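J.: The listed protein sequences correspond, in order, to chains B and A. In terms of PDB author numbering, the first sequence is residues 0 to 13, 15 to 344. In terms of PDB author numbering, the second sequence is residues -2 to 13, 15 to 342. The following block contains the structure, expressed as structure tokens.
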Amino acid sequence: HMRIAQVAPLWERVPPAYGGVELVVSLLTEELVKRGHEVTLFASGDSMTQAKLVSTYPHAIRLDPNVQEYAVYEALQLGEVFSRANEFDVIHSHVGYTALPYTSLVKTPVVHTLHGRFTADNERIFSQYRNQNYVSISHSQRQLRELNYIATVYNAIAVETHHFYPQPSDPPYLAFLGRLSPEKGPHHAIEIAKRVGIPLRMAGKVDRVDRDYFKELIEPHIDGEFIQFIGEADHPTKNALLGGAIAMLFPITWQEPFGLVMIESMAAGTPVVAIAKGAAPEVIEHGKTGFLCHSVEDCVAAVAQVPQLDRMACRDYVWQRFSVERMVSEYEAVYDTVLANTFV
Amino acid sequence: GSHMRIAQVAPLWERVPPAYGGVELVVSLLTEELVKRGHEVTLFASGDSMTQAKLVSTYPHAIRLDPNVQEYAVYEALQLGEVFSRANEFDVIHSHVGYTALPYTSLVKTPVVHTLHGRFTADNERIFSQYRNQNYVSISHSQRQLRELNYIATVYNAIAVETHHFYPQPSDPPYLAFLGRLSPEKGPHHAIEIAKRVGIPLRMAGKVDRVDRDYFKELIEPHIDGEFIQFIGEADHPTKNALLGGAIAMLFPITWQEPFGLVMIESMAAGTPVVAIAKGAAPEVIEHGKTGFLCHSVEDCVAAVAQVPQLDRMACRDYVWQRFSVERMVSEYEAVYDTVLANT
Ligand SMILES: O=c1ccn([C@@H]2O[C@H](COP(=O)(O)OP(=O)(O)O)[C@@H](O)[C@H]2O)c(=O)[nH]1
Ligand SMILES: O=c1ccn([C@@H]2O[C@H](COP(=O)(O)OP(=O)(O)O)[C@@H](O)[C@H]2O)c(=O)[nH]1
Ligand SMILES: OC[C@H]1O[C@](CO)(O[C@H]2O[C@H](CO)[C@@H](O)[C@H](O)[C@H]2O)[C@@H](O)[C@@H]1O
Ligand SMILES: OC[C@H]1O[C@](CO)(O[C@H]2O[C@H](CO)[C@@H](O)[C@H](O)[C@H]2O)[C@@H](O)[C@@H]1O
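In structure tokens, the structure reads:
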């Protein structure tokens, strides 16, 4: 019953393959409008939404050879958001710190959902707008504390769209999903699959800056027989790619804000053996829906402890803490708190 | 009428500059002069910048040189956030950052004067036409490639000629010169081929950065390991002055729509003609047959070097004083402010 604006990034599509935030903004927007609200999506033009689409570019900036300066369309989008700031009751910004200086100029309250790691550089712009409205996707992400965190909403997925696999494929294999960046540590997943004797079926995208790390540590160890690649899969693939696997290796070497590939694996009914970094303990129920490992050798030992877990429970676990009914209804109270706590 | 509150917004890649510094040098002479005429200037640059106006530092070093910064876009939104939060304290804002400040102008009441320093790429042509009805000041006539914009004026950049020692006849062992970054846009590869057909050695001096590091190690690197081509890249003011002053003719072979190119008027300041390719804003600075030459190919330059000792080298210095003096530039910009302050 409010005028909401969801400012999504332009790198991807509301998303056929890669894209985490755009998937979260989708399940949020596609359900907010269903509850008699009034949302105006701010994303790309190829987006298939059920709200008033307002875009500055039709295609996605990532999969496009004709684009070169993304910061142009980054500033074009915000130029249309805060120009229409009088037509909105609350602005839900997902673009990150690029909207902080614009918030101190308009009148409409703006909420910022954090989606990345705080680095030694971006922590300065957050300290200059510490009292702004923030929303963390995990308690582990809340690292600055000095900011003004409104609440903590766990990212969710449409569980019914993920087909559930009870028993894995008869010839077992491991799994890896996500970008091939050092932030996800696929090189550990390569060794873990080889220290146990179970093949690995990887899947993800390789953008640049990852060109150096990929073809120096990941490409040398591809075979197609024991190590497959499948560069960037869609939804029906990762649905069955993780379903037929015994466990989704998630050996991160980076402060993971959340990790939607963990909750996606478990919907298909697959426990995630990940490193207890970032929001890994906040998602993985130890001994029930995965194993919170603390070393590379801990994952190898946990692999033998994977088949004894209940894969039918892993899906019912996502239906509890990681449901869209929990996430959207938890944002519906965040917007009211921001609107009720304004002037003093 | 002659007591304004100017707001100089400068880039952060280099300080207001030790060696390489294009836009940072123009802002320097413009700031130091306007303060010397009585205006209340407010500079938004780095921290080590040396000015007399009340500067507002957002990071105490040049980001290009400081390696601790991995995201330049962080301090971008910080500087622009501090400018337009104090816009009420200014009479007019002079932006030098580019398209990043266009959506900000459509949010306050202080008029902003945008001085363009870059080419209209296939991407920024979308944002510049969006904020078409604003206040733009070009730096050359050839730089105007949209035409349909709202150009307030065209103020050619200027340098302090008195700070450039005049070398009459150069060094008796003759050599050439190349100034500017070693980018395929400014064409450093063309300068060596002319140095072979003319047979005179070429002494270079520039800057190499990412995205172009592959080009440096490919085309330019296998030709400098010798006395014929002495590199010593990135020279400060007292070093690059003797380089151009001791050069019989500066090689400026460009293959890109140059908006201006301060390296040209710096060569002629110390008394040295420039042989540039007929492209961009080269005919607007170089006078054919008087203080240099304009060529349509590479062999046309080889025939031009044979007609350089006949060129007047003293008239090169007096030509910069004609239309590239700091007193002229600042007077034009000071006259631009009265145009913007009268339209409101
Ligand atoms: O082949 C792939 C690789 C990635 N993804 C999607 O990319 C998102 C990445 O999830 P996550 O948040 O955990 O990784 P990050 O955001 O750090 O890139 C997931 O939702 C996946 O659905 C996908 O669909 N197919
Ligand atoms: O080794 C160098 C190379 C360049 N410059 C300075 O960088 C400026 C060149 O500006 P230009 O417009 O030609 O390059 P751009 O700004 O387009 O990058 C000149 O004033 C030079 O004084 C320098 O000092 N040393
Ligand atoms: O760590 C940088 C990382 O962030 C980007 C965003 O451009 O990737 C994101 O892609 C989508 C949203 O664009 C989300 O899944 C999530 O925010 C990130 O994975 C990219 O620079 C880099 O891969
Ligand atoms: O505004 C960013 C601008 O800087 C880049 C960074 O890669 O490089 C330019 O930096 C100097 C700044 O003085 C420019 O004079 C010069 O054109 C570039 O080397 C450029 O791509 C970005 O557009």
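The beta carbon of each residue, even a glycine, is placed where N, CA and C say it ideally should be.
Short of 7 Å Cβ to Cβ, which residues in the region 36 to 68 of chain B face chain A?
T.: Taking 7 Å as the Cβ-Cβ cut-off against chain A, the residues of the region 36 to 68 of chain B that qualify are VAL67, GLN68.
J.: Which residues bound the alpha helix (DSSP H) around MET266 of chain A?
T.: From DSSP, the alpha helix (DSSP H) with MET266 of chain A extends over 260 to 267.
J.: Can you say whether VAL344 of chain B is buried or exposed, counting buried as having 16 or more other CB atoms within 10 angstroms of its CB?
T.: Looking at its Cβ environment, which holds fewer than 16 other Cβ atoms inside 10 Å, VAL344 of chain B is exposed.
J.: Can you find the residues in the same chain that come closer than 7 Å, C-beta to C-beta, to residue 14 of chain A, ignoring five residues on each side of it along the sequence?
T.: There are no coordinates for residue 14 of chain A in this structure, because the numbering of chain A runs from 13 directly to 15.
J.: Less than 8 Å between the CB atoms is what I'm expecting for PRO257 of chain A and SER138 of chain A, so what's the real figure, rounded?
T.: Going by Cβ atoms, the distance from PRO257 of chain A to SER138 of chain A rounds to 6 Å, so yes, they are a contact pair.
J.: Taking a cut of 7 Å between CB atoms, which residues from the region 122 to 135 of chain B lie near chain A?
T.: So the list reads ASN122, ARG124, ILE125, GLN128, given in the order they occur along the chain.
J.: What does a CB cutoff of less than 7 Å around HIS59 of chain A pick up in its chain, not counting 5 residues either side in sequence?
T.: These residues qualify, in order along the chain: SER44, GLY45, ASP46.
J.: So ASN239 of chain A is in the alpha helix (DSSP H); what residue range does that whole segment cover?
T.: Its alpha helix (DSSP H) spans residues 235 to 243.
J.: With respect to the alpha helix (DSSP H) encompassing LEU32 of chain A, which residues constitute its N-terminal and C-terminal limits?
T.: Here the alpha helix (DSSP H) through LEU32 of chain A covers 21 to 35.
J.: Using CA coordinates, which residue listed in B:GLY244, B:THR253, B:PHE291 is at the minimum distance from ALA268 of chain B?
T.: If we check each option's Cα against that of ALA268 of chain B, B:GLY244 comes out closest.
J.: How long is the line joining the alpha carbons of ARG315 of chain A and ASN341 of chain A, rounded to whole angstroms?
T.: Going from the Cα of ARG315 of chain A to the Cα of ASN341 of chain A covers about 38 Å.
J.: To the nearest whole angstrom, what separates the beta carbons of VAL206 of chain A and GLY231 of chain A, a pair I think is in contact under 8 Å?
T.: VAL206 of chain A to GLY231 of chain A, Cβ: 7 Å. Contact.
J.: Report yes if the CB atom of residue 14 of chain B is closer than 7 Å to the CB atom of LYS277 of chain B, and no otherwise.
T.: For residue 14 of chain B, nothing is modelled; it lies in the interval where chain B passes from 13 to 15 with no residues in between.
J.: With a cut-off of 8 Å, do at least 3 Cβ pairs link the region 84 to 102 of chain A to the region 53 to 67 of chain B?
T.: The region 84 to 102 of chain A is not in contact with the region 53 to 67 of chain B.
J.: Looking only at its chain, what residues have a beta carbon closer than 8 Å to the beta carbon of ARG201 of chain B, apart from the 5 residues adjacent to it on each side?
T.: Excluding residues within five positions, the ones whose Cβ falls inside 8 Å are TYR173, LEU174, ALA175, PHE176, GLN228, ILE230, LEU241, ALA245.
J.: Could you pull the DSSP bridge partners for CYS293 of chain A from this structure?
T.: According to DSSP, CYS293 of chain A bridges with A:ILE275.
J.: Starting from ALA4 of chain B and walking both ways along the beta strand (DSSP E), at which residues does that stretch end?
T.: Here the beta strand (DSSP E) through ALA4 of chain B covers 2 to 6.
J.: Sort B:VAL81, B:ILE61, B:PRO15, B:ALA75 by Cα distance to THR49 of chain B and report the nearest one.
T.: Of the listed residues, the one whose Cα sits closest to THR49 of chain B is B:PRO15.
J.: Does the count of Cβ pairs from the region 180 to 192 of chain B and the region 157 to 172 of chain B closer than 8 Å reach three?
T.: As far as the Cβ criterion goes, the region 180 to 192 of chain B does not touch the region 157 to 172 of chain B, which means the pair count is below three.
J.: Mind pulling the chain A residues with CB within less than 8 Å of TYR97 of chain B?
T.: Residues of chain A passing the Cβ test: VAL72, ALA75.
J.: Contact criterion: CB-CB distance below 7 Å. Does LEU78 of chain A meet it with respect to chain B?
T.: So, interface residue.
J.: So what does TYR134 of chain B bridge to, in DSSP terms?
T.: B:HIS112, B:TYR149, per the DSSP bridge assignment.
J.: Establish whether the CB of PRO182 of chain A and some CB of chain B are separated by less than 7 Å.
T.: Closer than 7 Å: no.
J.: Can you name, in chain order, every residue of its own chain whose Cβ lies under 8 Å from the Cβ of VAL153 of chain A, other than the five neighbours on each side?
T.: Cβ neighbours of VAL153 of chain A beyond the five flanking positions: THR113, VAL135, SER136, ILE137, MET327, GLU330, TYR331, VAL334.
J.: Short of 7 Å in beta carbon distance, which residues of its chain neighbour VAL33 of chain B, apart from the five on each side in sequence? Order them along the chain.
T.: These residues qualify, in order along the chain: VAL39, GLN50, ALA51.
J.: By DSSP, does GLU285 of chain B sit in helix, in strand, or in coil?
T.: Looking at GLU285 of chain B - three-state DSSP - the assignment turns out to be coil, as it is neither helix nor strand.
J.: Quickly, what does DSSP pair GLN228 of chain B with across the bridge? List them, please.
T.: Bridge partners of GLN228 of chain B: B:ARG201.
J.: Quick one: list the residues of chain B neighbouring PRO101 of chain A, beta-carbon separation under 7 Å, in chain order.
T.: What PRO101 of chain A touches in chain B: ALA75, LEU78, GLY79.
J.: If I measure Cβ to Cβ from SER26 of chain A and keep anything under 6 Å in the same chain, skipping five residues before and after, which residues do I get?
T.: Same-chain partners within the cutoff: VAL13.
J.: Mind checking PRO8 of chain A: buried by the 16 CB within 10 Å criterion, or exposed?
T.: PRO8 of chain A is buried by the Cβ-count criterion.
J.: Can you pull the DSSP bridge partners for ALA175 of chain A?
T.: According to DSSP, which records beta bridges pairwise, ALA175 of chain A is partnered with A:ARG201, A:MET248.
J.: Around the C-beta of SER140 of chain B, are 16 or more other C-beta atoms found within 10 angstroms, so that it is buried, or is it exposed?
T.: Label assigned to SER140 of chain B: buried.
J.: Who are the neighbours of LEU9 of chain B on chain A, taking C-beta pairs under 9 Å?
T.: Neighbours of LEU9 of chain B on chain A: none; closest Cβ ~12 Å, over 9 Å.
J.: Closest by CA to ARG124 of chain B, which one among B:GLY224, B:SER265, B:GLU146, B:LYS107?
T.: Out of B:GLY224, B:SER265, B:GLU146, B:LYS107, B:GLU146 has the C-alpha closest to the C-alpha of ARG124 of chain B.
J.: Counting only C-beta atoms, is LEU105 of chain B closer than 7 Å to chain A at any point?
T.: So yes, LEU105 of chain B belongs to the interface.
J.: What runs of the alpha helix (DSSP H), each 4 residues or longer, lie entirely inside the region 67 to 112 of chain B?
T.: Correct list: 70 to 81, 100 to 103.
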